[PDB]
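Note that ligands are numbered from 1 as they come in the structure, with each ligand's atoms numbered from 1 the same way. Proteins come first, then strands; the chains are lettered A, B, ... in the order of their sequence lines, and each starts at number 1.
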Amino acid sequence: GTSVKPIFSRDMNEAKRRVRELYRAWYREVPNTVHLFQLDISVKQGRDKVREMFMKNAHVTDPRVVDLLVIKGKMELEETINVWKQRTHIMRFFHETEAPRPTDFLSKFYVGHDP
Amino acid sequence: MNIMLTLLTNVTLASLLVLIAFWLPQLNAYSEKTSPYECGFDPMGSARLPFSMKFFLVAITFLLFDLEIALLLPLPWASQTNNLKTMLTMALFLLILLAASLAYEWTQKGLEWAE
Amino acid sequence: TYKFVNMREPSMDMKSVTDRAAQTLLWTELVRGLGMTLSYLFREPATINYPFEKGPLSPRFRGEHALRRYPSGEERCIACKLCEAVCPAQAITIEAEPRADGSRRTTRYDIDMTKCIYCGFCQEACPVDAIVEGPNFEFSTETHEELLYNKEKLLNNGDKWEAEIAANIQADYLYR
Amino acid sequence: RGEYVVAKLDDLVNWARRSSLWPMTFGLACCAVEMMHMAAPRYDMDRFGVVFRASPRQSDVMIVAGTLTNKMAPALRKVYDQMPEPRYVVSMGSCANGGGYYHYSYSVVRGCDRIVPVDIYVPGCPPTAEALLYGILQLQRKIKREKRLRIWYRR
Amino acid sequence: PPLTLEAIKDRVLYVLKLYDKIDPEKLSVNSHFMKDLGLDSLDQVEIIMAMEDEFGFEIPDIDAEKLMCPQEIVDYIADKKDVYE
Ligand code: SF4
Ligand code: SF4
Ligand code: SF4
């Protein structure tokens with residue numbers, strides 16, 4: 001039809017409200033994650049990572065996409081809180097082993113054919 | 001005193017077996033090697049897991065039964081008295097009281113490992 | 001039709017109740033279990049003295065792969081790639097070209113034995129009985145790399161095991 | 001010279017270590033049942049001193065019997081780390097060797113040797129209990145030829 | 001005794017100038033977090049936490065978004081804890 005049914009939010013403000021609640025929960029969880037998993041990172045580093053994960057999806061305008069992103073974020077938060085994830089899973093947001101990939105045209109031209 | 005020499009020898013040889021056992025092998029230890037074993041993951045400390053009133057109640061009931069057993073141990077010499085009817089009456093009295101303690105614990109829930 | 005497995009009520013007379021009380025207090029079924037274990041202690045064990053004795057197999061047994069030849073010494077593989085097409089694990093890699101004498105022969109024939117599932121589909125697909133699964137099953141290696149077989153490796157396997165491979169095939173080809 | 005005594009001591013310790021190879025039951029998939037068939041009376045791995053062991057703290061060899069998935073690899077590496085030394089890893093079956101039937105899957109690690117160092121690669125899908133027993137005896141012969149004390153004497 | 005209005009204002013001030021993106025010199029009584037201090041609503045959500053750990057109670061989403069100027073936080077805290085100087 002012309003319109004569609006919502007997941008939870010009937011509007012963008014409702015989606016923003018749930019996004020803010022999820023962001024709050026993640027921000028408070030970060031110190032407990034750092035302590036419990038015995039991560040070698042700082043709480044500032046973990047909270048900046050949470051913010052940067054949230055900022056990846058800032059361009060989303062569809063309230064249903066925002067709702068599904070919130071659902072997946074709450075799922076990830078519950079995997080982190082219940083210690084279903086291991087330390088390796090928490091540390092996968094930080095691609096510490098992957099080398100810094102090139103970004104400018106010249107270095108990409110030097111190393112291969114990929115655009 | 002022979003018994004003291006025997007105890008000294010037993011303790012000394014056990015400690016010597018410790019010393020060979022706990023110093024002779026070649027070692028190479030890292031952090032993840034000596035991590036507490038939890039079937040492939042990390043254990044949760046939680047907060048004072050060893051609880052439940054039943055573990056304490058069995059200890060207390062064993063203590064009281066052990067006290068009555070302490071009262072029963074002189075029995076082999078007690079049968080060497082001329083006044084055997086009094087001694088038999090008192091020994092059977094103590095055993096009826098042991099049986100009564102067991103029965104009272106039994107009937108009033110007591111010995112049960114409840115929900 | 002069906003049957004009940006636990007639909008028997010115990011008898012409630014003097015003799016049966018006393019039977020069950022004696023079973024309770026004298027541990028008679030525990031004694032039956034002890035008797036069964038004691039009877040097994042005096043039975044000849046089913047253990048075989050490996051490696052001096054070996055487990056019994058059949059001519060159909062699917063073990064290590066091999067590439068075979070004609071009695072002339074010419075290879076059987078004519079690089080049709082049917083085995084590579086049918087391989088469920090994509091364990092077979094083949095490259096071919098005309099040989100200097102004009103023959104249609106492989107220049108690459110690899111089997112990733114760590115990709116292989118040892119299903120025997122390759123020897124079914126083969127129209128000339130070139131690729132087979134041989135009888136060998138004791139070829140464990142100390143490194144991962146020795147299990148990535150070459151055309152030379154598979155041909156040497158064929159030359160190594162052809163004497164018994166051919167006997168197995170003669171034993172079972174009338175079923176194929 | 002004094003290298004004869006060191007060689008004899010190495011021989012003694014390596015005979016004692018291969019005569020009591022206590023493995024850890026890492027049964028992930030179909031390869032687990034052929035390994036308990038090598039356990040069964042017909043092959044009787046206990047007759048070689050190879051006992052049915054328990055928690056990695058008393059295990060000398062890890063047998064990776066089955067597919068290792070991405071979800072499962074951290075646990076395998078954890079228990080490998082928790083093994084006291086000397087410790088060995090036997091990769092049993094195509095899945096543990098190099099991925100096998102599931103080599104091209106999104107959720108399967110292609111060979112346990114990406115996670116742990118592997119001493120023996122037992123091929124087959126599954127390897128027969130006799131093939132696994134051959135791998136175990138081959139591991140025993142690997143231990144027989146170690147020269148740890150002779151390496152130390154020439155340091 | 002119930003902390004008075006300035007006893008709320010100074011706490012808000014301190015926890016606001018602890019925040020990195022907020023400059024102390026640009027921070028005033030009515031320095032609206034978004035347009036004046038150049039913040040996001042995630043930054044506002046973050047500072048609202050810093051108003052929860054100090055003042056004790058919990059500010060819910062329905063009205064925590066309404067707290068834009070540093071004076072508005074002061075008024076909300078005064079209202080919530082029955083504070084009338
Ligand atoms: S036995 Fe099966 S998996 Fe192995 S190479 Fe042949 S077709 Fe492929
Ligand atoms: S081995 Fe057989 S099936 Fe495979 S390419 Fe050669 S002829 Fe064809
Ligand atoms: S190698 Fe074959 S038998 Fe062993 S676990 Fe993998 S699929 Fe199963």
Practice task
Assess C/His65 for proximity to ligand 1: is some non-hydrogen atom of it under 4.0 Å away?
Solution key: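 Right, C/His65 reaches ligand 1.
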Taking [atom] as the reference point, the nearest protein heavy atom with its distance:
atom: atom 4 (Fe) of ligand 1; value: C/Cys116 SG, 2.3 Å
atom: atom 3 (S) of ligand 1; value: C/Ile117 N, 3.3 Å
atom: atom 8 (Fe) of ligand 3; value: D/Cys30 SG, 2.3 Å
atom: atom 2 (Fe) of ligand 1; value: C/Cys119 SG, 2.3 Å
atom: atom 7 (S) of ligand 1; value: C/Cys122 N, 3.4 Å
atom: atom 6 (Fe) of ligand 3; value: D/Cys95 SG, 2.3 Å

Which of the numbered atoms in ligand 2 are under 4.0 angstrom from any heavy atom belonging to [X]?
X: C/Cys83; result: 1 (S), 3 (S), 4 (Fe), 5 (S)
X: C/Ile78; result: 7 (S)
X: C/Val128; result: 7 (S)
X: C/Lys81; result: 5 (S), 8 (Fe)
X: C/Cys126; result: 1 (S), 2 (Fe), 3 (S), 7 (S)
X: C/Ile131; result: 1 (S)
X: C/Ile94; result: 5 (S)

Practice task
Could you tell me whether the side chains of C/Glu64 and C/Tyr149 share a donor-acceptor contact shorter than 3.5 Å?
Solution key: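 Indeed, the side chains of C/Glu64 and C/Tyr149 share at least one donor-acceptor pair under 3.5 Å.
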Problem - Short side-chain donor-acceptor distance under 3.5 Å, A/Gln86 and A/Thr88 - result: no
Give a yes or no on whether a salt bridge exists between [X] and [Y], defined as a side-chain N under 4.0 angstrom from a carboxylate O.
X: D/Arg145; Y: C/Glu142; answer: yes
X: D/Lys78; Y: B/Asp42; answer: no
X: D/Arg18; Y: D/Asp60; answer: no
X: C/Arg176; Y: C/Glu124; answer: no
X: B/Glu32; Y: A/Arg87; answer: no
X: C/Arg32; Y: C/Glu29; answer: no
X: A/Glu79; Y: A/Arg92; answer: no

Handout entry: cation_pi(C/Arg43, C/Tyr40) dist<6.0 Å, angle<=45
Key =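 Cation-pi check for C/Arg43 and C/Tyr40: passes.
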Handout entry: Enumerated ligand 3 atoms positioned under 4.0 Å from heavy atoms of D/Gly93
Key = 1 (S)
Handout entry: C/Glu133 and ligand 1 - part of the residue with a heavy-atom distance under 4.0 Å
Key = side chain
Handout entry: Any C/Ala79 heavy atom less than 4.0 Å to ligand 2
Key =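 C/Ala79 counts as a contact of ligand 2 under the 4.0 Å cut-off.
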Handout entry: Heavy atoms from other residues, nucleotides or ligands near CZ of A/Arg101 exceed 12 (cutoff 6.0 Å)
Key =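 Count not over threshold, so no.
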Exercise for the section: Determine the sole option in D/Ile143, D/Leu21, D/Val50 for which the side-chain contact (heavy atoms from CB on, under 4.5 Å) test with D/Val61 is passed. Expected result: D/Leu21
Exercise for the section: State whether the side chain of C/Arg60 and the backbone N or O of C/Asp172 hold a donor-acceptor pair below 3.5 Å, judged by distance alone. Expected result: no
Exercise for the section: Answer whether the closest heavy-atom distance between the side chains of D/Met35 and D/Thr25 falls below 4.5 Å. Expected result: yes
Any idea which atoms of ligand 1 are less than 4.0 Å away from a heavy-atom of [X]?
X: C/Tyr118; value: 1 (S), 4 (Fe)
X: C/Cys87; value: 3 (S), 5 (S), 7 (S), 8 (Fe)
X: C/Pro88; value: 2 (Fe), 7 (S)
X: C/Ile92; value: 5 (S)

Exercise for the section: May I ask you to check whether D/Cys125 brings an N, O or S atom to under 2.8 Å from atom 2 (Fe) of ligand 3? Expected result: yes
Handout entry: contact_flag D/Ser94 ligand 3 heavy-atom lt 4.0 Å
Key = yes
Practice task
Report yes or no: does C/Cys77 have an N/O/S atom closer than 2.8 Å to atom 2 (Fe) of ligand 2?
Solution key: no
